[PDB]
Every structure is written in C-alpha cells, then in structure tokens.
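Quick reminder, even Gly has a Cβ in these numbers, built from the backbone with ideal geometry, and neighbours come from all protein chains shown. The numbers here are math on the coordinates, done by the rules we state, and not lab data.
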Amino acid sequence: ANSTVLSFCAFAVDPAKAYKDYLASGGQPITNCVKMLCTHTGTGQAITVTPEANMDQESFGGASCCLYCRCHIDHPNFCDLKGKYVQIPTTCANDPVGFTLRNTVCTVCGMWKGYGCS
Amino acid sequence: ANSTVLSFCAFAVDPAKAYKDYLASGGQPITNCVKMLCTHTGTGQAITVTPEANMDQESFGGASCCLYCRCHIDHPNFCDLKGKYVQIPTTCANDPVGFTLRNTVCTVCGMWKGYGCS
Amino acid sequence: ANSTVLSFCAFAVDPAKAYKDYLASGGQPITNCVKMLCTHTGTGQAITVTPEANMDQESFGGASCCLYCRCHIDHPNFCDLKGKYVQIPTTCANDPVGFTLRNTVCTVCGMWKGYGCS
Amino acid sequence: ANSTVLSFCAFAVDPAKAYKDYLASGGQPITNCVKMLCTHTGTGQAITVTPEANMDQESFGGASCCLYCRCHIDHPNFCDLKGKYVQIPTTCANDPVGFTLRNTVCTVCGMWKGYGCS
Amino acid sequence: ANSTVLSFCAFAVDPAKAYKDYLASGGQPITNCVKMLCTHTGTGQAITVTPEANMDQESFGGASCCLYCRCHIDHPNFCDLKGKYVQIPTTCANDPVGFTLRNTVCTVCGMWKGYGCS
Amino acid sequence: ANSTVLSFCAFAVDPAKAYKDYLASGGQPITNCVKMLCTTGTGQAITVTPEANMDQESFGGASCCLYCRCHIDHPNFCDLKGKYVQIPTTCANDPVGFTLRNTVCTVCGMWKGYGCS
Amino acid sequence: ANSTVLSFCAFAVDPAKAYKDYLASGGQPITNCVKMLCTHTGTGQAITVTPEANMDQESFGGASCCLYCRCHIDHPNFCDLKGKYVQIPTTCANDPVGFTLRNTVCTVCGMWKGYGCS
Amino acid sequence: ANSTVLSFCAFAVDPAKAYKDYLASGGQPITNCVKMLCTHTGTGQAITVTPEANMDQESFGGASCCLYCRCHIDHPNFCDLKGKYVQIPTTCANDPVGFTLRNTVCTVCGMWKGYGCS
Amino acid sequence: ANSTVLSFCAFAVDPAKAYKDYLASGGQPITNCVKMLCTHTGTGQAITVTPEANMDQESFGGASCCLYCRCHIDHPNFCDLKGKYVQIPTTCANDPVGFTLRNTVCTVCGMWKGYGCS
Amino acid sequence: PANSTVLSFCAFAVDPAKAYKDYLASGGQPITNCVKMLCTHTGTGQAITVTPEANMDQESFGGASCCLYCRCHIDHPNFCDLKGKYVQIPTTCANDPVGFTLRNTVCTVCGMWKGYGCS
Amino acid sequence: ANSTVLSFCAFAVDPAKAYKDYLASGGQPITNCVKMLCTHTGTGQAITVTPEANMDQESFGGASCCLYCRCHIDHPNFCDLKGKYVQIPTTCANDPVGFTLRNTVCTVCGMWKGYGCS
Amino acid sequence: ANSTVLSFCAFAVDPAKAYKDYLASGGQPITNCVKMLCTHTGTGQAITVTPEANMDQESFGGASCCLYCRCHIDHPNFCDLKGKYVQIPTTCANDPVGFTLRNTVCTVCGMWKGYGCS
Ligand SMILES: [Zn+2]
Ligand SMILES: [Zn+2]
Ligand SMILES: [Zn+2]
Ligand SMILES: [Zn+2]
Ligand SMILES: [Zn+2]
Ligand SMILES: [Zn+2]
Ligand SMILES: [Zn+2]
Ligand SMILES: [Zn+2]
Ligand SMILES: [Zn+2]
Ligand SMILES: [Zn+2]
Ligand SMILES: [Zn+2]
Ligand SMILES: [Zn+2]
Ligand SMILES: [Zn+2]
Ligand SMILES: [Zn+2]
Ligand SMILES: [Zn+2]
Ligand SMILES: [Zn+2]
Ligand SMILES: [Zn+2]
Ligand SMILES: [Zn+2]
Ligand SMILES: [Zn+2]
Ligand SMILES: [Zn+2]
Ligand SMILES: [Zn+2]
Ligand SMILES: [Zn+2]
Ligand SMILES: [Zn+2]
Ligand SMILES: [Zn+2]
C-alpha cells in the first residue's frame, strides 16, 4: 500500500509533485499517520509543540504526516513537522500527508489559510 | 505543577532518584505526557516504533514520558524513548514518566517484566 | 525574579504559552535583555544583522530577547534571533521577550505587522 | 570582475546592504550565475527542487545566485537557495544575486511577490 | 526479488513487522548476506568482533544481515551488527536477516537464546 | 519509470551492477538529469563550473549520480555533487550510466576514450 | 606495567579475549583505576550515575574500568561505562577492568549476576 | 537545596555572579561534588588528568565541580574541567564549585594562585 | 574602507601582524564594532558573559571586535570573544579590533594588563 | 597477541606504512588475522569492491581487516578506502593482505591491480 | 601582493582558473608557502605523511601550498594536502601553489607526472 | 625506540608524566620532529601561526612536537600545537616534545618563560 506510493515518491526528482500527480490519478492517500488522543479544546493552530486540535480537527504526530520523513529522504524546507503536532481539519484527515503539502500556514495567526485563518 | 517537580529533578545529581523520593513524599506524578489514539490490538510490547498498546495498556509518545527529555538534560543510558511509543499498563498510566524509570523491558519477550511478560 | 519565571517556562510543555499565561496573571516581564547603543536612524526592520533601530525603537541583542535562548532549551521556530539584533517599538520595549513571541515580522517589508509594516 | 564586488560585500558587516549600495552607485551586477536548460517550462515557482522556469523566467543554480554562498561567508537567513533552483523573471535575469535579496516569495502560492503572485 | 522485498519493508512504518508478514505469507528470505570463510573453531557466541563460528554455525558480515542497513534507513535498537560478525545456527542460516530480528542474545553467556545458551 | 529503476538499484547490494544489468536487459536509462545552459569550455569531464566544448552536454553533477539519485551512501564522498559533468553528446542519453561506465583521465581531466590525448 | 598489558590488548583483533588470555597466563591485573567516595549506603547497583557502593562494594570511575577507554580504541558494545560509576565487590576489586568484562549486569535488579542479583 | 540554588544560577544571565551573590547572601554551597580516594598524595597541581591531591588538598571529579555542567547549560570559557580532576585546598573544600570560579591556576607552576603557587 | 583592510588581513599568512603593520603605516582602525548601552556599574573585567563596563570603559559585542570573526577566517587562539562582551578602556575605544590583539587579560584579576589590572 | 608487537611498532611510527615495509624487509612475519570471505570466485576480479568479487585466482578479504591504519587504530592518510568494502588479493600474495594493498596500485581504468589482472 | 591575488581567486567561480589567468598575465606567484628542513634522503614521492624530498625537490607544508586553504574557501576535491608534505621539483619551487594545480601525481609510482615519474 | 617510548606514554594514565619519568631514567628523547626551513629573523615568540625562529632557536611543525598528537590519543589541553610552529632554543632542540611539556609561554610577551621572556 503505502510502500508502493512512498517508493514511487522517494526516488522521484520532485517527491511532492509525484504524490500530487499520484493522487490526481485517483491514487489512495498515504495512511498509517499517528493520531493523538487529545482534548480538542486547543488553539487550533496548524503545527504546534503540543497537540492543539480544536473540535473541528484531529492532531497527528508531525513526522508521521511528513512526506520526506515517510520516504526517508532529505528535506527541502531540516523538518518543521518532526517532533511537532499537526492539526488537520477533520474533513481532510483522510489525507494528512497530502494536506500539509497542499496548504499554507498563516505567518500571522498560525492557522491554515482557508481553514481557520482570519 | 510539572515545572516545580521537573526543576527539582533536573538539577539533582541523580534525577530518577530525586523523582522517586518526590513521589515517595507523596508528590503528584508528572503530567501532560502525550497519549496516542490507537486500536489496542498491538503486540503489547513495551517500546516500539509504532503505537502497540494491547487491551490492558495505553500508548504514549516516548519523549513525553522520558524524565530526561522532560527535564531538558543529557541522557544517562542518546534516548531510547524519543521518536518511539511507550505502552504503559493502564492501571499505571497515571505515572508514565515514573513507570519507565521503575520497570524493566524483558530482553526476550520485549514486554515489561512483571507486566505482560512470559 | 527572572530565574523564577524562566525556570517555570523552561520546563513547561509549551514554554511560550507558559510565559503568556504568566504575564496574563500579572507576572513581571523578563528583564536583563541587552540593549545596543546605536544611531536610531536605521531601516527600522524587525530582525537585522546589525542594529537598525529608527527613532521610535530600541535595538537589543537577539539571544537576550529569545525565550528559548534565555531558557537554555531547544527552539520551535534553529533560532531566528541569536546573533542578530531585534528592533522593538519603544512603547513595548519593557517586554522584549514577550514582544517577539506575540508579534509577526512581515515577510514583505521586514517590519513588525501592526508596528511599522506598510 | 566579480571578485572586486564580492570581496567588498564579503567583509562588510551587512553584506546585503553593501551590495545594495554598490548597485545604487551604478555598480555592475554580479555575473556568472549558472543557468539551467529548462525545456518544458515548469511551475513558475520562485525556489524549487528541480528547474521550473515559466516561458517568462530563467532558471539559475541556487548557490550561484546567493550572495552568501558567492562570498563564502556564513548565512544570516543553512542556505535556502543552495542545492535548489531559482526562477527569475527574464526581465530581471541580469541581476539574479540582487533579485533574491530585493524580493519576497509568497508563502501561499510560492511565486515572487509582484512577479507571478496572484 | 531482494530489492522488491527491501523496498517493501523500507517504507513500512514498522519494517521488522513488514518483513515478518512477508515471510509468513510464504515470502522468500532476503539473500546476498556475506559469509566468512573461517575455521569453525570459534566461541560460538552470537555477535562478536571477529568471526566466531563453531561447527554448527555460519559467520556473516553483520551489516549484510541487518534489515536496517540493507534497507538504508535509521535503526530502532545505533546498529549493533554493523562492523561485527553474526553467528547463526546452520539450520537457520537460510534467513540471516530475519534470524536476528526474531531471536535474543543471552546477556549472560552471549549465545542465542534457544540455540546454544545454557 | 525512474522510480522503478532507481528503487531496484537502491536496494541491491551492488547498485552500479544492478543498473548495468538493467540496461543490458534493454531497460530505459534514467532520465531527468539537469542540463546546463552554457557556451566553448575546456571540455574537461568534471568541473566546478560548466565546461562543455562543442561535442558535449553539461549536466548538474548530483543529477547524474546513481548514488545521489538513489539517496544512498557512496562507494567512490561524491565526486559529482556540486560539480558539473560534461558528457559526449553521442552518449548524453544515459548520463547516469556514462559516468559509471567511463574513467576520467587523471592527467588531462577528460574522459578516457572521449577527448583524452 | 599497565602500558605493556594495554598495548598488547589494544592491537589484538579481540582486545577482551587478549586481556582474558593474558590473565589466564598469570599476568597482573590492570591497576590505576580511580575510586570515589560514596556519600550514603548506595543502592549497590552495578553501573550508576553517581557512586552507589553498598557496604560490600567500592565505587570506581567507569572509564577507568573500561578496557576500551583504557586502550584508547573505538568500542564494541558507544561506551556504557564512561561518565558513570561502577560498583565492584570489595574482595574482587583487585581487578576492576576484568571484573566488568567477566560479569553480567542483571537487567532486572541492576546488580551483578552472582554478586547481589536476586 | 542544591536544585534550588542551581536553578537560580542556571537561568541568570550571569550564572557565576548569581552563585557569588547567593553565597554572599549567606546561602549554603553546592554539595554532592564527587571526591576521589587517593592511596598516595600527588603533584598538587590544580587541574589534572588523574587525581593529584597533595597533603593540603582533596581531589574532585571535574564536572561535578563545574557550575555549568551542574546547571546543564552551555559553557562560557567547551569545558576545561569535565573529564579531569580538580584539586581544591582542604580549607576551601566545602565549596568546590565556587572555588574554581573565584580562583586562578598559575600558568607557570600549575597550582592555585594564593594556595600552593610559588 | 573596512572591507579593504579586512580583505588585506584575511588572506595574509599572519592576519594580526597584517593589521598591526597596516596601523603602523598609519591605516585607519577598523570601525563598525557594536556597542552596548549599559549602566557602567560593571566589574570592569576584560571579557564577560554580560556587559561589565565601568565608568572608564565601553562594552562592545565580542565578535564585532574580533579580527578573525570580522575576516570570517579560523581562529588561532575556538574564539574567546564571540558571544561575549569586551570592555575596552575609554581612551583606547577608537580601535577595539586592534586593542584586543595588542593586549593581555590578567589571568588573576581578569582585567587588561597595564589598564585596570592591579 | 600475534600481531600486537608489529602493530604497535607501526602505529606510533611517523610513517606507519614505511615502518611495516622495513619490518618485512628485515624478515618480519606478515600481519595475520585478516578475514577471508566465502564467495563465488567467479566475480569481476576487481581490486576493491562493494561485495566479494574474487575470481578463481584471488581470495576476497574484509577491507578493514586488511588496512594497516584500521588495524593500528590510527587516522588514515589515503576516511578509509577499504573499510566496509572487500579486497581481492592474488592467491599467491594472499599471505600478506595488509602489505599487498600498501605496495600495489589499483588501475583507475579497469579497477584491477596493476601487474595482477590489469590490461 | 599575496592578499590581492588570493582575494581575486577566492571569490572567482573557478579559483584555480583565476590563478592560472592571473599568472598568464604576468602575475607574480603566491609566496609564503612553508618549506621543511630535511636531509633529502626521501623517496621523492609527491604527497607524503612526512617530508620526503629527494635531492631535486623542496618539501612544503601541504596547506601552505593549497590554493583553497590559502583562500580560506571550501575545497572542490576534503583537502588532500592539508597535514601532509608536498615535494616540489626545485626548478618549480617558486610557484608551489600553482605547481600542484597544474600537475598530476602518478597513481602507480606516486611521483609527479613529467618530473620523476617512470 | 620512538615507538617504544610513545607506546609506553600512550597507554599510561598520565602520558606527560610517563615521558617525564622515562627521561629521568635516562631515556632518549623522541625524535623525528619536523624542522622548518626559515630565515631565523622572526619574532622569536614561542608558538606562532608562521615559522618565527630567531637566531637562537629552531622552528618545528607543531604536531610533530606534541606528545598527544605523536601518541595518537585525545588531548588534555583540541591541540594548541597542531597547525602552528614551535620555536625552541637551539640549546634544547634535542628534545622538542619534552621542551613544550616542561615550559610555559608568557601570556604577555608570548615568549618562553626562562628563554626569551622579559
Ligand atoms: Zn519530515
Ligand atoms: Zn491568519
Ligand atoms: Zn529522553
Ligand atoms: Zn519476557
Ligand atoms: Zn533563541
Ligand atoms: Zn509589510
Ligand atoms: Zn547561500
Ligand atoms: Zn501569492
Ligand atoms: Zn544495521
Ligand atoms: Zn545463556
Ligand atoms: Zn553522488
Ligand atoms: Zn588524458
Ligand atoms: Zn569505555
Ligand atoms: Zn537480578
Ligand atoms: Zn563544565
Ligand atoms: Zn605559580
Ligand atoms: Zn572571533
Ligand atoms: Zn591583574
Ligand atoms: Zn582503514
Ligand atoms: Zn587497467
Ligand atoms: Zn587545502
Ligand atoms: Zn609513475
Ligand atoms: Zn597535539
Ligand atoms: Zn614575558
């Protein structure tokens, strides 16, 4: 499952673009990301030092949601997810890996642009 | 709260001993360890690369449960818990930090001695 | 007073949140941030490689205004302030440590959002 | 040649400002940045893992356009250009070094503010 | 076939478990481990600094037997095999990679538990 | 395509031999090597700036390195990363295999058999 | 003295075995191992972060008791003695270096098997 | 008590001056430094690779006497005490940590200026 | 002006002697060192972890006054100025870079020999 | 131990390799305990490889065990070109693997030992 | 004259080519490379761990003769001359920095192609 | 001879003391230190970045004279001699290794105390 898609991305000259193209081909999103059993009364910001999911999110272990960490390859950012917790809207939690790649954290409020920001 | 206890152990010449005496004087165990949301159908092994809590255990982020990582000091063992998951017998889950300090992982079964092993 | 506050924040699972709660409870801001003797005719940008205060700011050595450097713990940002100089509005210079935690540098003009930006 | 200007900025306490003042005085832009032969135009993003030049952009080797790398001095930002490819609008491709110092990559779309963004 | 299996385990969240599941599904053991040509007059201990095979064991190059080295990923133990020699009972020498993942070295006598120990 | 072949060699005990047998079995050469836009250079094989002469193409070094492309350790560190490799245009369809197959002349710095002496 | 024995073992392809064979041949044990004052009746555990000698043991400096540290060669284990304190039964303290090579620490109670354990 | 003082010094902008002020306020010296047992008196040099206490001194493990190692914070000077032994005049051995901070080793004879030197 | 002098010294086989010869030929001292705004109630010691200028000294940022840091080359002492503060007698504060190369800190009182010492 | 004396002698010499050469010149016994590989012996025959490559006229040895610097625990002057790889040595010279690699050259073209397999 | 020429090559995109061109225009070779006083009973090989000049060569300290070390810039090759001795034919000892750039060491005999080889 | 002395000192718990007793018992000083070819019109200072021998000294490559570097063991002091040049009075140049162990460089004038100082 994941090994097939991850192997495909790991050796592509652009891993993120390969995952994107893969998904656009109807590919199955990477699974096995780890979720936190949290309060859901957090700030709701995107990437935090402790789980911060609010009622509309899930909190995942950062490294388990990072394409480069999962492909065991060098990062192009080292890694701003590893060791942190990533808050993902529940309606998008079916693809934690793809969500951080496709979205942007607001430099001002710390929340995902389009899902919490302003 | 945790800062007082952590501060007290962090500067002690033997942090694990300082935490032990603190608990022996009736101190509240360290909190805010990070608990994982898992299916409880794992191997039940003590320290693993993915959450492995069985029916009688809770899975926690390793660094969250390490006295040394929580105290921000050097390790004595780098760290055997960081980046991994620690399964704690549920009835001892009120003190994950203290549990790993007091118990031994069986070299054969990989389970905690006295808790799930042999 | 500084050691008491820094100790409390250093061991909290979320140091920035601890200082913020601490200030909201009326705690005194961290002092002993080192100020620069400079022209005060500089660009006025927020974080620079040489002092750049304009007439409405004070310049401080970066590491001295960084909660993580002051606390001697790892950074959640490595460190964007160490080795640099931070310009802080003079009306907010009584809490350089909290000021940079609460505010945002504009990625376009390099000045603090709300204090100089645009 | 490039050595005269590079030497002048290398030892300045603010290398970027020195290059700025140099150009403001009519100095000739640093040359010999390397160009990538992008044959099937790319995403147009400012800084990427593989050449991505639009119809209206040129792709340069990241390190060749970096003032810090070209001056062989520590960066202030490691280096966010090294190992990557920088796409510069063809009309400003005569000063790749100065271009990245003067402009901002949009955090949302990844294109240069004022050149490609939105 | 070796690259297919290694690739499968390399990207699995638990590589050891992935290899176990593959062997249980009747998968063929990883080959190309390196063997020592020695006089089998050794102590017979499990992991040693020089080849130590007795008559009923084969000595292998440790790294060639390590799933993590063969997969080129980080180790979870670092590597206790790399640079050393692993003695495997002749009747289990058809799967050196899986053998060390499934068995235990006795802390007392240094021989494999269940094969030689006590 | 590239991912399939690179995965195959990345896990082999001898990555270079694996790419050799793949090519020999008719496999397609690894593509996506980064080509440099350049001029009239020395034509030397591995340089610090692009140096293709008229019978060559200049490629970004790591792009053409099997080990860098496979993200595994080198056996050579890497003599291509950060440099530029000039490859005879007649062979520029397999830059990864070319450097694996050929030798740089220690004396003139050009490829043995392609420019040397 | 100690230099002759140490050089002999330092260059052996198996230093531990060389020291063992040297001792079996009548050789004098390595001396000059450093001892420290235990400031309470210690736990009596074998290897600790501070001196833990029981009334039947003596506490030695770990590195001093390490054949590999003493021989200035890379370890095989990195070093699990260095920086710690090693407790040796008083009547066996004429050979601290050999004692730790010969004995096993119980992973359960942390005392030497045969001298304290269970 | 030790944790209280070390915590106060650890977070002060000048750890050494904080300790000096704490002592001048009548505070009690830091305890638990580790004392060496010598069978013979040594050279009496201040900082040595093996214990060297003469008749007027006591030898201590260097790190245990280092304010920075004890506070677990970065050194100012890496650390000239760690891994070596410090000889402290007996009349001042009630405060080994404060002693090395207040005194100077003679560059010529290697003993403490004012105690032993010349 | 500073770039030209620093350039000249940085490539010399003996950088300090080059600056010295440059000054003796009447060259202008290197400028742009950073100065601290402090109370001037300090200890007056030469090199300190926080500014310690007394009434007749200026406190400068360490790396700013280091010839090797300014030339971006290795140190022949690591650097004893970087990250610290250097107190320079007021009457010699026109040449901070040269001052520290020509003078000596008293190992005893910590002040500059000939200026403050004894 | 068998090789400790000769290794100690070379380890502290200003030129370890020259010290071993002189030692051999004076009739010294070559360094032993190099580890031999059990392999096909139908390999490429090249000198230093990532996997055993002995042909029928060679023996493959573990690199580090054949390296004077690794055996002497001192820094290298060539990290190390043998460590982690395998050395193929002509069967007729296999009595001195540590010395064979110091005295011979690998052809940069064919990868085989100059004088033993090259061109 | 050295600082001017080293400055020019240090910031050039191809340092060795800039030096070659500088010499071809009549530039004076770099001086101040250090020479060894030996008996000249050496093997005459090009780059050795000890001085090995024969009667027709000078032995230079390797780093003094290395363009990159002298220019304080990263190496292209780390550095094969640093810490070693370079034997240069006496007739070319007037340009030791240019000599090693222009010549080749014979892989077989270890001497310079064209000066000693064969 | 050289290897005999160096091996003895290398494994001694105190190398410099071992060499000192060896000399005291009639031992022949370590030879093969490398001598620099110089003008002998230098400053005569003790340890310099370039050869600085005056007419009464010899200049030697630093590492060649350092007991720790010659023994291949960790230093106590990385190394202050490595990379530099040591000036030794010609009358003592028969034992450069021991001379630097026995003597002291004046912190003020930089010459050896007793041989050049004041
Ligand atoms: Zn990651
Ligand atoms: Zn926002
Ligand atoms: Zn930890
Ligand atoms: Zn068990
Ligand atoms: Zn910081
Ligand atoms: Zn703005
Ligand atoms: Zn850069
Ligand atoms: Zn945009
Ligand atoms: Zn491994
Ligand atoms: Zn057993
Ligand atoms: Zn590569
Ligand atoms: Zn050629
Ligand atoms: Zn050790
Ligand atoms: Zn026990
Ligand atoms: Zn310390
Ligand atoms: Zn004295
Ligand atoms: Zn400096
Ligand atoms: Zn003084
Ligand atoms: Zn080696
Ligand atoms: Zn050949
Ligand atoms: Zn160099
Ligand atoms: Zn030749
Ligand atoms: Zn040294
Ligand atoms: Zn003097």
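Taking each residue of H:50-58 in turn, how many C-beta atoms of other protein chains fall within 10 Å of its C-beta, and what is the average? It would help to have the intermediate numbers written out before the result.
Working: counts 8, 5, 2, 0, 0, 0, 0, 0, 1.
Counting other chains' Cβ atoms within 10 Å and averaging over H:50-58 gives 2.
Across the cross-link table entries G:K17/K:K84; C:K35/H:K84; B:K82/D:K113; F:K17/J:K21; H:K84/I:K82; F:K20/J:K85, which are compared at the Cα atoms, the separations over 30 Å belong to G:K17/K:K84; C:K35/H:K84; B:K82/D:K113; F:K17/J:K21. Annotation: the antiparallel percentage among DSSP beta bridges lying fully within chain G is about 90. For I:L37, the residues whose modelled amide H falls within less than 5 Å of its own, excluding neighbours fewer than 5 places apart on the same chain, are C:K35, C:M36, C:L37. For segment A:80-86, putting each phi into the Karplus relation 6.51 cos²θ - 1.76 cosθ + 1.60 with θ = phi - 60° gives couplings of 8, 10, 3, x, 10, 10, 10 Hz, in residue order, rounded to whole numbers and with x for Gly and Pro. Centre-to-centre separation between the Cα atoms of segment E:1-75 and those of segment J:56-112: 25 Å.
Rounded to a whole number of µm²/s, how large is the Stokes-Einstein D of the protein assembly as shown at 25 °C and 0.890 mPa s, given Rh as the Kirkwood radius over C-alpha pairs?
70 µm²/s
Here the Karplus relation 6.51 cos²θ - 1.76 cosθ + 1.60, evaluated at θ = phi - 60°, turns the backbone of segment F:90-100 into coupling constants of 5, 10, 5, 8, 8, x, 5, x, 4, 5, 5 Hz, with x for every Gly and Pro.
Each residue of segment F:17-34 was assigned a 3J(HN,Hα) from its phi angle through the Karplus curve 6.51 cos²θ - 1.76 cosθ + 1.60 (θ = phi - 60°); the sequence is 5, 5, 5, 5, 5, 5, 4, 4, 8, x, x, 7, x, 5, 10, 6, 7, 7 Hz, with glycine and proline shown as x.
Extending 7 Å from Cα along the Cβ direction at J:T92 and again at C:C109 yields two label points whose distance is 8.4 nm.
Per residue of chain A, the DSSP helices (runs of n ≥ 4 H) give a summed -39500 (n - 2.57) that works out to -7000 deg cm²/dmol at 222 nm. Across segment B:1-71, C-alpha contacts under 8 Å between residues 6 or more apart give a mean separation that, scaled by the residue count, equals a relative contact order of 29 percent. Close amide H pairs (under 5 Å, H built 1.01 Å from N) link J:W113 with J:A47, J:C107, J:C118, residues at least 5 positions away or on another chain.
Legend: mean number of C-beta atoms from other chains within 10 angstrom of residue C-beta atoms, peptide A:10-21, equals 5.
For the Cα trace of chain K, dividing Rg by the Kirkwood Rh returns an Rg/Rh value of 0.96.
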